[PDB]
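Ligands are counted one by one from 1 in listed order, and the atoms in each one are counted from 1 as well. What's counted below: heavy atoms across the whole structure, side chains too, no hydrogens, waters or symmetry copies. Naming: A, B, ... by sequence-line order, numbering from 1 per chain.
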Amino acid sequence: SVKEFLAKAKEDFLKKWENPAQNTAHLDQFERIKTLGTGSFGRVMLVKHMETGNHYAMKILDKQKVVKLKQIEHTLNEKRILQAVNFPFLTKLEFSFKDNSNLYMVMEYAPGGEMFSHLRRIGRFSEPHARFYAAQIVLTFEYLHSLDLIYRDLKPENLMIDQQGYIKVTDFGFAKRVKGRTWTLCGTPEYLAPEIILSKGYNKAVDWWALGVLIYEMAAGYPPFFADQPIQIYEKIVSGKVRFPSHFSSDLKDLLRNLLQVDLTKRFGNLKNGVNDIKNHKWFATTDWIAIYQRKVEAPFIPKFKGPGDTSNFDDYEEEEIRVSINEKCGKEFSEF
Amino acid sequence: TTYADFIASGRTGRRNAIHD
Ligand SMILES: Cc1n[nH]cc1-c1ccccc1
């Protein structure tokens, strides 16, 4: 049963949520190999865990920079959620720790690269290819939302491809445990629900809207609302108009009309029957939900294995020292980390 | 074409999160 599985997952989550793992490794247990991606207050590096020889992705945040960007609470959210959570289609937190200068989150390494890189190169995904990925997101949101978590940053840049060609959602820097509504202006312009841009209190429905943006982008090769500047994107998102490619199937267009619905009483995922409205839509008729969860379905794209520690599916970034001050920074701000 | 306008836009690279 889905209800039964969720019930026991929430039991597992709550224990870890209320008593979070802390200080479970140290920087010099890892060999730093290469930068896999960059962000505002931090980067992500391929590292090797020397004691086991396992490869991992280590997220490094400069505490001083987190503070300047007013992301203290959000960073504490990210770590506290990721250590508590456990689901096949999320990058699992293996270790976390901090030193005088930085915060560290060590997650499983997905060597396939970002969906973003593959989507841009290939141009667009076929509907079966798009549906495969979409299903994995549908299930991840079902899991997360059942734990009262909102994700708030769905986009291809945040979806890593694993050696089996399945997805891992990563970057929980805006994820939050909220019962009820919340107000923070955050996310990525192309993927923002109308609620958010109009400064309403909002809820998990914004994640289902974001799913509609992603499915569209995967299947079209470009997003449903784009312009050169964010303001122009926001004017389009709140206009209530959306244009589908002629190659989009009837089923696709109708799923997206119900996902990209400005009206919350009508938006799929946010209705009385919740996520099943999405799972039982015709576009997903071919989808064996349990076989996807079980990773039994054959991936439409299996990434090139060139060994462990291969990074050829990721772009190159300018490498930058991990400097560790002799003085502790922001001890109080990050005490619970 | 819509594809052409996208590819010619400034937002075909990785997109950064916003914040208030
Ligand atoms: C966490 C992670 N696991 N595998 C790859 C990862 C990332 C994450 C952010 C950016 C680049 C690469």
Side-chain angles (χ1 to χ4, degrees), chain A residues 24-25 27 30-49 52 54-62 65-66 71 74-75 77-97 102-121 133 136-137 140 144 151-175 187-188 191 214 299 301-320 322, chain B residues 13-17:
Chain A
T24 53
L27 221 202
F30 300 91
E31 187 191 19
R32 304 200 279 293
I33 293 174
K34 218 221 188 238
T35 299
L36 300 175
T38 274
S40 30
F41 22 125
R43 56 177 54 208
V44 177
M45 296 184 69
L46 209 212
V47 299
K48 190 184 84 174
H49 193 45
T52 56
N54 288 316
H55 285 95
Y56 297 112
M58 190 172 70
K59 189 157 162 165
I60 310 142
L61 295 335
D62 181 323
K65 288 183 184 183
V66 173
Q71 299 302 312
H74 284 170
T75 299
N77 283 343
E78 181 172 27
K79 175 268 174 152
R80 181 176 182 184
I81 295 159
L82 281 175
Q83 63 86 40
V85 105
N86 183 220
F87 199 67
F89 312 130
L90 306 169
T91 55
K92 184 184 149 214
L93 210 74
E94 299 304 318
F95 309 98
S96 72
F97 52 92
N102 305 306
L103 312 170
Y104 306 88
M105 289 174 269
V106 181
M107 296 164 273
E108 58 200 326
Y109 172 58
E114 297 171 10
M115 187 195 285
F116 176 86
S117 310
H118 304 84
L119 186 56
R120 293 296 180 269
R121 193 175 69 256
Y133 297 141
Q136 293 174 62
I137 300 310
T140 303
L144 292 172
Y151 175 63
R152 302 202 295 184
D153 204 21
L154 190 63
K155 56 187 183 191
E157 288 92 317
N158 287 345
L159 306 172
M160 298 301 157
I161 309 313
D162 71 24
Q163 190 61 84
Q164 304 198 249
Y166 279 71
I167 285 176
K168 299 202 161 264
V169 175
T170 195
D171 198 343
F172 282 62
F174 298 120
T188 302
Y191 282 78
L214 185 79
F301 168 70
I302 291 132
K304 190 54 163 54
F305 167 83
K306 313 188 183 184
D310 176 42
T311 70
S312 75
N313 295 312
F314 290 89
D315 284 314
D316 297 328
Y317 293 86
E318 188 180 52
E319 303 292 348
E320 188 169 296
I322 292 286
Chain B
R14 292 177 171 75
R15 293 150 298 190
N16 300 320

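- In this structure, A:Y56 does not count as a contact residue of ligand 1, since none of its heavy atoms falls inside 4.0 Å of the ligand.
- Between the side chains of A:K155 and A:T188, at least one donor N or O sits under 3.5 Å from an acceptor N or O.
- Tested against A:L27, the residues A:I60, A:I322, A:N102 include a single side chain to side chain contact (heavy atoms under 4.5 Å, CB included) partner, A:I322.
- Of the candidates A:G39, A:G37, A:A110, A:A57, it is A:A57 that places a heavy atom closest to atom 6 (C) of ligand 1.
- Both the backbone and the side chain of A:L36 come within 4.0 Å of ligand 1, counting heavy atoms alone.
- For atom 8 (C) of ligand 1, the closest heavy atom belonging to the protein is A:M160 CE, 3.5 Å.
- At under 3.5 Å, a nitrogen or oxygen of A:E108, whether backbone or side chain, sits near a nitrogen or oxygen of ligand 1.
- In this structure, A:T170 is part of the shell of residues with a heavy atom less than 4.0 angstrom from ligand 1.
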Inset, instruction - List the steps and the verdict of side chain to side chain contact (heavy atoms under 4.5 Å, CB included) for A:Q71 and A:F174. - result: CA-CA 9 Å; A:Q71 299 302 312; A:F174 298 120; 3.5 Å; yes

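- Between A:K59 and A:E78 the shortest side-chain heavy-atom distance falls below 4.5 Å.
- Going from atom CE of A:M58 over to atom CD of A:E94 covers 14.0 Å, rounded to the nearest 0.5 Å.
- Between A:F314 and ligand 1, no N or O atom pair is found at a separation short of 3.5 Å.
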